[PDB]
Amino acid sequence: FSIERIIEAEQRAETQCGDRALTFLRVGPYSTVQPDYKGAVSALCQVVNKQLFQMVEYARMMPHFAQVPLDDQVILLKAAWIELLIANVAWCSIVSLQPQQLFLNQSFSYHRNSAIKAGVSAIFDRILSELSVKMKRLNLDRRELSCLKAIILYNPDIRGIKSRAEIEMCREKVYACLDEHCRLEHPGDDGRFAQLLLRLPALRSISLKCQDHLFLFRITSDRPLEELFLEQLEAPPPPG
């Protein structure tokens, strides 16, 4: 249970899944998307569906995750998926830093004119101003982002969860890891640890608006995400 073990999970999940994807997003005949922009939106859907698949395998390799009861595993993923994805876009969008580019990967990105065009420039802006900019301003490193993402995953306050204690414990061990990293690498500002945590509330708020947009444009599967997560979990991992 170390930052290194958490890093390994992220990295391996990102390279061993190939093109496998959890198809939750997709444009159907009831989507509020103009016909001329279906190709574009569906491309965005394929990207997210692949990151979702990877996310599941990521959690599968996270310390203790596979041990909590399956029902708990499903709830944890349902509660943190959007925040985990947005944290990754915030980090990839640090390369080209009012910001004009939002990266989902290293080779797939949007300019602000397209957001404005799609009518989602407000969420485009706060992602870059409230997360990317402040992370850069803080000199956030890859190790600190991994810690923040784990803190998110290990959430014991979700309704319905069985193993709250076990989950809170994992979270606290990540706190300890994060603080040590702070102590070791940034002994000069004792306020760093707290500042890094301040990004979490902004991540949650932005993440909630994203979900609202998803429901509004109706590009989600009729099948409940819970089922999709449960099915991948009950299945073996890909060749990796």
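Numbering starts at 1 and runs along the sequence shown.
According to the entry, the deposited sequence has 10 or more residues without coordinates between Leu97 and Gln98. In this crystal structure, the stretch out of 48-56 and 181-189 whose C-alpha atoms carry the higher mean B factor is 181-189. The mean C-alpha temperature factor is higher for 105-113 when 79-87 and 105-113 are set side by side. The PDB entry assigns the greatest CA B-factor among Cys147, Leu138, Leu153, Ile167 to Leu138. Residues shown: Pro63, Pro69, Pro29, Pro201. Highest C-alpha temperature factor in the entry: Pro29.
Ranked by Cα temperature factor within the chain, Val174 sits in the lowest third according to the deposited record.
Among all modelled residues in this chain, the alpha-carbon of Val133 has a temperature factor (C-alpha) in the middle third. The PDB entry assigns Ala122 a C-alpha temperature factor belonging to the middle third of its chain's modelled residues. In the PDB entry, a CA B factor belonging to the lowest third of its chain's modelled residues is recorded for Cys92. Ranked by Cα temperature factor within the chain, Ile158 sits in the highest third according to the deposited record.
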